[PDB]
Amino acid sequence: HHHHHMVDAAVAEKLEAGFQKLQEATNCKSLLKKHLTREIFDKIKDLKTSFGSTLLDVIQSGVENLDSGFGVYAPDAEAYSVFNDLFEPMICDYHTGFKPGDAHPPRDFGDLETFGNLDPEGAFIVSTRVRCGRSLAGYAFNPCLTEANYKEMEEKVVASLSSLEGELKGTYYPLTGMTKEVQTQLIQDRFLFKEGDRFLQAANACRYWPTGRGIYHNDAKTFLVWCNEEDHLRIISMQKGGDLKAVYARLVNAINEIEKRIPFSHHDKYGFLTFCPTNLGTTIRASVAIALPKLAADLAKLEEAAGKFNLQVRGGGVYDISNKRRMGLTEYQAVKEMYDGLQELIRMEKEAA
């Protein structure tokens, strides 16, 4: 247990230097530079979490990498509360439809049977993916995980994953001792992660590499888990075609099975807690690649059509359609925004001459 107040001279010196470095760079467009006013900085710079995490453990990645988009990470779950004067305005700027005073709703994956066929003929949708993240309750996040923590957490995760049955049965590949053969195989699958880039390095997210880091996938290669890549868990369900029901059902079954053994870190206002605040709330990152060549003639598709369902469009005539909303709605609501939006877009495509 650490005290809520008092940071040492070195930490205080590095914070002041970091604030200055941010100020000097007038071209810097990170949300960190935007939101860390001198007033907020002066208020919170001498605070700590009970894990001993300071403001430097929050902002350092965005200081060392001025080109960061967001620029902060949570060094532990308590950081979201202790440094809320910074996290809150950043979270509410980035996320769509979430504002201070809101409480993210309790988890609810909803009724899977309400998802029908979207494109069973395979005339439109190229691929379907739904990604979630989780932190394991009772553990620090990267900058203050100990080596023993990494080992203990990995054992817990692998015990869960290695007990999955049926549609989820698969193999765990530790990063520790990973062979060149397995690296090559996983790269072909787009399943491999490696030591973090410059943003994760500066966040102290890569200590004790690669202890406690690993990759799991089912035999069908339609379910992927990363252990300790950035979050404790990154959990993805995916397949070719447009069967969003099947993709989502498989994800729900996996997360429920994992939760039975391992509780997840959770916050009364922010939902599931993650290392990067961009992944809060439901944590859902759904992405569907869809061929809409007739609609491609007019970006009445982007704003307006997809946007009516809070979906984002990104580009011949194939688009990645994703959910704008991650916080302030249930899992069911987010996946149904995707379902309903994709249904409207497909209607527009067929009706278009």
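Residue indices: 1-based, along the sequence shown.
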{"query": "Unmodelled stretch of the deposited sequence separating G315 from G316, binned as none, 1 to 3, 4 to 9 or 10 or more", "finding": "4 to 9"}
{"query": "258 to 266 versus 122 to 130 - which carries the larger mean C-alpha B factor in the record", "finding": "122 to 130"}
{"query": "111 to 119 versus 208 to 216 - which carries the larger mean C-alpha B factor in the record", "finding": "111 to 119"}
{"query": "Residue with maximal Cα B-factor (values as given in the PDB entry) among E39, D46, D57, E64", "finding": "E64"}
{"query": "Selection from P89, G281, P75, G196 [criterion: highest C-alpha temperature factor in the record]", "finding": "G196"}
{"query": "Entry-reported Cα temperature factor of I187, expressed as the chain third it lands in", "finding": "middle"}
{"query": "B-factor third for the C-alpha atom of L342 within its chain", "finding": "highest"}
{"query": "Position of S53 among the chain's modelled residues by C-alpha B-factor, lowest, middle or highest third", "finding": "middle"}
{"query": "Among modelled residues of the same chain, the CA temperature factor third for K240", "finding": "highest"}
{"query": "Entry-reported Cα temperature factor of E165, expressed as the chain third it lands in", "finding": "highest"}
